């Protein structure tokens, strides 16, 4: 009775040609998306990105796609990402601790993807429908 859906977490990080006035050396972007041909918005209520507390307003909420944060800075960190589901039964959300690493000047930019498969056992009829609308496999 299980439905499987796929998330792709990822980030890009590039050394700026010129640091910001604050001395920020890199531009980076972190995201959650589905695979090609999917629509995770049917089952995802929101994605919450928890930045390092050196960032202002570090709890970044995306209620609609694209589920992403674009920032600048000078060091990588572990970035908790919560994906909240439009589900009334457990699990209500999932947390991923994402390795937002940066590379040195003179090295290629970073462009990584982390693929997660979610397996919903015995979803409710309403959540089963949402998972299938998103592209999930029964």
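Numbering follows the first chain given and starts at 1. Between two forms, the rigid core is defined as the largest C-alpha subset superposing within 1.5 Å.
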property: Higher C-alpha RMS shift from the shown form in 7 other deposited structures of this protein - 56-64 or 81-89, rigid core fit; result: 81-89
property: Core-aligned Cα RMS comparison in 7 other deposited structures of this protein - stretch that moves more, 32-40 or 92-100; result: 32-40
property: Mean temperature factor over C-alpha atoms, higher-scoring stretch between 58-66 and 103-111; result: 103-111
property: Mean C-alpha temperature factor, higher of 26-34 and 81-89; result: 81-89
property: Lowest, middle or highest third - CA B-factor, residue 39; result: highest
property: Third of the chain's Cα B-factor distribution that residue 11 belongs to, per the entry; result: lowest
